[PDB]
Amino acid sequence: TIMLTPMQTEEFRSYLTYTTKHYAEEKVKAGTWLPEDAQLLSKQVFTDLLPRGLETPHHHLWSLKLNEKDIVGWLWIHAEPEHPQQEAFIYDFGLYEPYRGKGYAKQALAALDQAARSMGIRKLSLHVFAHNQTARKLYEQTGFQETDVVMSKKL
């Protein structure tokens, strides 16, 4: 039973730091960004997405909580209610390392499902790096279907 609770400042400034570095690394892993460019790019991307931080309009950043004491992870979605399909995009989702491997991830996505419906959103979307097969299987197991695929080849 995961609850979605508005992310608080401390957790957010800590999250922001992890994300930027993690995103940079994933883009390097994927071949999309060169190591020497990754930092500045990642910082630019997160700065354009959340220029007002938690106050950035239409972004919902939540702490995933098991109870008052355990924050097991994070969830960040973007929903503009003027979207023709009432779609929300998951910009990020994950579990802090000590809470992984117990199945909270599926429970958190069910809580997302519920919250999303109560907000009137009709469709959830996300991007998932290709090399993250574990994330891919969980999304498959939870009703997500692949829509687009970007492929690459070094000559």
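In this text, residue numbers run from 1 along the sequence as written.
- In this crystal structure, the stretch out of 144-152 and 3-11 whose C-alpha atoms carry the higher mean B factor is 3-11.
- When the mean C-alpha temperature factors of 36-44 and 116-124 are read from the deposited coordinates, 36-44 comes out higher.
- Taking the deposited Cα B-factors for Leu66, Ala105, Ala130, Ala88, the highest one is held by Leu66.
- The deposited CA B-factor of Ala79 belongs to the highest third of values across its chain.
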